[PDB]
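> Those protein sequences? They're chains F and E, same order as listed. Heads up: the first sequence runs through residues 11 to 286, 425 to 482, numbered per the entry's author numbering. Heads up: the second sequence runs through residues 11 to 286, 425 to 482, numbered per the entry's author numbering. Ideal Cβ positions, reconstructed from N, Cα and C, are used throughout, including at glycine. I'd like to ask some things about the structure below.
Protein chains: 2
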Amino acid sequence: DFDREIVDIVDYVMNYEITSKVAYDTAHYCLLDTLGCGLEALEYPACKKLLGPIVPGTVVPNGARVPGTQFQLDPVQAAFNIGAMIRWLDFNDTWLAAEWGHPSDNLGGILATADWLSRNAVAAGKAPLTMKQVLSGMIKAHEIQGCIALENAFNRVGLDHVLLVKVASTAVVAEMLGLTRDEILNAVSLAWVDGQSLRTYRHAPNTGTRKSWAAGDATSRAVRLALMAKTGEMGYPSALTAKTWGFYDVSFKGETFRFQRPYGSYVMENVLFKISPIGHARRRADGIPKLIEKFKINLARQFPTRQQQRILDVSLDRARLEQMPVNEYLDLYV
Amino acid sequence: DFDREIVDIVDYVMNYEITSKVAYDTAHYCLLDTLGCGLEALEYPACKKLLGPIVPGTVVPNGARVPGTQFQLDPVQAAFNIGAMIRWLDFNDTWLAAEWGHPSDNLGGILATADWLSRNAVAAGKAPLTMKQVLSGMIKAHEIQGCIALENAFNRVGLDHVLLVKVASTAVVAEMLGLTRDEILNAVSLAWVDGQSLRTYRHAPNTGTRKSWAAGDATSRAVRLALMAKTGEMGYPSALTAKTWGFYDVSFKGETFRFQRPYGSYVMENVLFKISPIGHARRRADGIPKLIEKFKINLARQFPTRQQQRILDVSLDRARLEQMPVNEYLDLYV
C-alpha cells in the first residue's frame, strides 16, 4: 500500500477542481511571462548549443514544437528544450519558502507533452487539448512543488531543489497522458527512487551553467518516466518510508516530509514575478501592466511586427486564449 | 584543478595501452556471451514494452542498430535498448567485491555509440571503427567500474551500484567520440554531480523490474552526458572533494573513495561467467566450451539456421571478428 504522501499527490492531480478565478487569471500571465523569457534566452549561444535533437536530421511524426524555431521533436527532448530556455537567464517567476525554486519550470514538461498529444489527436480526427488545460496543469504543478517546499528544505541535506520539479511534472503529465490511478501512483513512486542532482554547480568555487539547465533536465525526466508508466511499468510503494532503503533514511536523515496545509490554489495565487513590491500578489494592479511590456519587448526580439501582432492578439485576452487548441497557438510561434 | 580521482580515469582511458593477450581473448568471449543474453530477453514482453523509439515511426539518419530487430535509433535510445536487454534476465558476466556489479552492462553505451560513429564515417567516405576498438573499450570499462568497486561499497550508503556504470561509460564513450583531455575531464565530472538511483527496487518489500533496467538507464545517461561535453559544456573540478557541496560530503559521509591498485587489465582477466567453479578464470578450459553452446542456443532462438551460421562464422574466430567493421557485424544481427 502506497506512502500516504504519494496518494495525496495522485488524488489532488486526478480529482481536484480549481474554482479560483484569481488562480486562473494569474496562471494566464505566468504563461506568457515564462514564454517570453525563453525567447530571450535564444540570443545566447550557451543556451542554443544545448538545443535541437540529439542527432540533427531526425524526423518525429506529429512531434512537439519548440517556440522560436521550426524544430519538431519527441515530447522528451522538446521538454528539455523549453525548460532550459525559460530558466536560462534567471528572470522567470519565483517561490521563496524553506526551499527556493521556480514553479514555472514545469511548463516544459506540461507544454511539450500537451502539444504532442494535440497534434496526434488532430491527425486521428479526434478533439485536441485546449490552452485552458495547460494553465490548469500549471496551477497544479505550482501547488505540489510549492507546498512541499514550505517547510522542507532539501539544501540542508545537499540536494538541488529541481527534485520537486521531477516530482510535480511526473504527476501532472502522467494525468494528462490519461493514465489510471494505479499507473500515476507507479509513476510518482518511480520519481522518488530516481537519483537526485547535487547543488555543487550552484556554489563557489564550482558555480556553472548547469544552474540554468538542471530544472529543464528534471521536467524532461518527468516526461520520460510518465511514458514508462504508460507501458505498465511497476511502482515502488514504500519508496519514501522504507526502512534502510527508502528515501527518508537515505537522503532525509530519517526525518519525515512535513506538510503544513492541503493542496489547493495557494501557490499560483501568491507567486512572485521578476518584472523589473511590484511583483507581489497585493500590487498586481501596478505589476500586471509592467509584465505585459516585458512580454511585448521579448516578442520584438525574435519575431517581426505582423507575427508579434498576431501572437499578441490571441494572447492578451484570457478567453480566446483559453479556448484555443494548443497545437494552433504554438504554431503562431514558429 | 581537477580531483585526482577524475584525472586518473581520464588518463587511463586516453593513454593506456592494453598488452594482455589474456584480456583481449576474454573480452572476445564476454562480447558474444552478453549479446546472446540480450537476444534471449526478447522472448519476454516485460522487456520488449520498454524498447523501440519513444515515438514509433521516427527516422534517425545513420542511427544505431538494436540486434534482433530492424530498429535504428539515436545513440542514447539505442544504448538503453541494448543495456536493458543484456542485463534483463540476470545471466550476464559478474564482478563481486566490496560492491557487486555487472561490468558487461557498459556494452550498451560503448556499442550503440560505436555503431553510430561507424555509419556515419562510412557515409562521409571516411574509415569506420573496428570490432577490436570495442573489446578495448569493454576492457577499459570493466577496469574503471571494477577497481573502484574493490573497496568502496555504495550499498552501505543507500545507493545503487549502477553509479559506476554511469561513470565508466561516460569516460570511454567521451574518448571514443574523440574529445580532448579537458572535455573528458568535464564529462566525467558531470557524471559525479548527477543524481544517483537508490536501490529500493532491489529489496523486499519493493523488489521490482527496475532491477533489470537500472544499469541500461545509466549507460544511456553516460552517452547523453558525453555528447553534452561535445558541445563545450563546462565541468565541475572539485565535484568529489568540495566542502559541504561535493560528493564525498553529501553522499559518502565525509569519507574518501579509496582505490587500492592502479588501473590496468585486471578486471576483464578475472571476471566471473554465468555459464550454467567452471565460470572462474582458472577453469577456462572447462568453461569456454560451455559458453559457446550458450551463445549457440541463444542465436537459435531469434535467428534462422543460415543467419545463425553466418554470424557464427565471423564470431568464433578472434581475428576475423577483430578486423571487421562494427556497422557490418551488427548488420549480421538484423
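What are the partner residues of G111(F), as DSSP defines its beta bridges?
Paired residue(s): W105(F).
> Can you give me the C-alpha to C-alpha distance between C47(E) and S114(E), rounded to a whole angstrom?
11 Å
> Which bits of chain F does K59(E) rub up against, with CB to CB less than 7 Å?
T241 and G242
> The alpha helix (DSSP H) spanning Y22(E) covers which residue range?
Counting along the chain, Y22(E) sits inside the alpha helix (DSSP H) bounded by residues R14 to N25.
> From the DSSP output, in three-state form, read off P63(E) for me.
Secondary structure at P63(E): coil, using DSSP grouped into helix, strand and coil.
> To the nearest angstrom, how far is the alpha carbon of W255(E) from that of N196(F)?
31 Å
> Here's the rule: buried if 16 or more other CB atoms are within 10 angstroms of the residue's CB, otherwise exposed. What is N162(F)?
buried
> When the cut-off is 8 Å and only beta carbons count, does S222(F) lie next to chain E?
no
> Closer than 7 Å, Cβ to any Cβ of chain E: which residues of the region 429-459 of chain F, in chain order?
Result list empty, no residue passes.
> Near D227(E), which residues of its chain fall below 7 Å by C-beta distance, leaving aside the five closest residues on each side in sequence?
Within the same chain, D227(E) has close Cβ partners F90.
> CB-CB under 7 Å to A56(F), same chain, minus the five flanking residues each way: which ones, in chain order?
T219
> For a cutoff of 8 Å on Cβ pairs, would you count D204(F) as touching chain E?
yes
> Could you check whether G93(E) and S286(E) sit closer than 8 Å to each other, using their CB atoms as the reference points?
no
> What does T68(F) touch in chain E if you count any residue whose Cβ is under 9 Å from its own?
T68, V69, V70, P71, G73 and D84
> What does the Cβ neighbour count give for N116(F), buried or exposed, with the cut at 16 atoms within 10 Å?
Buried is the label assigned to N116(F), since at least 16 other Cβ atoms lie within 10 Å of its Cβ.
> Identify whether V69(E) lies in helix, strand or coil by the three-state DSSP scheme.
strand
> Does any residue of chain E bring its CB to less than 8 Å from the CB of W110(F)?
With respect to chain E, the C-beta atom of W110(F) has no partner C-beta closer than 8 Å.
> Does any CB atom of chain F fall closer than 8 Å to the CB of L282(E)?
no
> When you compare the region 432-447 of chain F with the region 58-67 of chain F, are there three or more beta-carbon pairs, one atom per stretch, that lie closer than 8 Å?
no
> Tell me whether the beta-carbon of residue 6(F) lies closer than 8 Å to the beta-carbon of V281(F).
This structure cannot speak to residue 6(F), because chain F is shown only from 11 to 482.
> Quick check: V20(F) and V198(F), are their CB atoms within less than 8 Å of each other?
yes
> Here's the rule I'm using: 16 or more other beta-carbon atoms within 10 Å means buried, otherwise exposed. How should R14(F) be labelled?
exposed
> Starting from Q450(F) and walking both ways along the alpha helix (DSSP H), at which residues does that stretch end?
No alpha helix (DSSP H) contains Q450(F), which DSSP labels as neither H nor E.
> Can you tell me where the alpha helix (DSSP H) with residue 302(E) in it begins and where it stops?
Structure remark: chain E lacks residues between 286 and 425, so residue 302(E) is without coordinates.
> Counting only beta-carbon atoms, is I158(F) nearer than 8 Å to chain E?
No, its Cβ sits nowhere closer than 8 Å to a Cβ of chain E.
> Checking 8 Å against the spacing of the C-beta atoms, do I96(E) and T44(E) come in under that value?
yes
> Taking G168(F) as the query, report the chain E residues whose CB atoms sit under 8 Å from its CB, ordered along the chain.
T254, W255, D259, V260 and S261
> Going by DSSP, which residues form a beta bridge with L208(E)?
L169(E)
> Taking 8 Å as the cut-off, does the region 135-151 of chain E touch the region 236-245 of chain F (at least 3 CB pairs, one atom from each stretch)?
no
> Please check the pair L52(E) and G78(E), which I expect to be a contact at CB under 8 Å, by giving their CB distance rounded to whole angstroms.
5 Å
> Strictly below 7 Å CB to CB, what residues from chain E border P247(F)?
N216
> Out of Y26(F), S207(F) and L127(F), which one is the CA nearest neighbour of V233(F)?
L127(F)
> Along the chain, where does the alpha helix (DSSP H) that runs through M278(F) open and close?
Counting along the chain, the unbroken alpha helix (DSSP H) around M278(F) starts and ends at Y276 to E279.
> Using only the alpha-carbon positions, how far apart do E193(E) and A239(E) sit?
6 Å
> Against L195(F), what residues of chain E qualify as contacts under a CB-to-CB distance less than 9 Å, listed in chain order?
Within chain E, no C-beta atom comes nearer than 9 Å to that of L195(F); the closest sits roughly 13 Å away.
> Roughly how many angstroms lie between the CA atoms of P138(F) and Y26(F), to the nearest whole one?
Annotation: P138(F) to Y26(F) spans about 22 Å, alpha carbon to alpha carbon.
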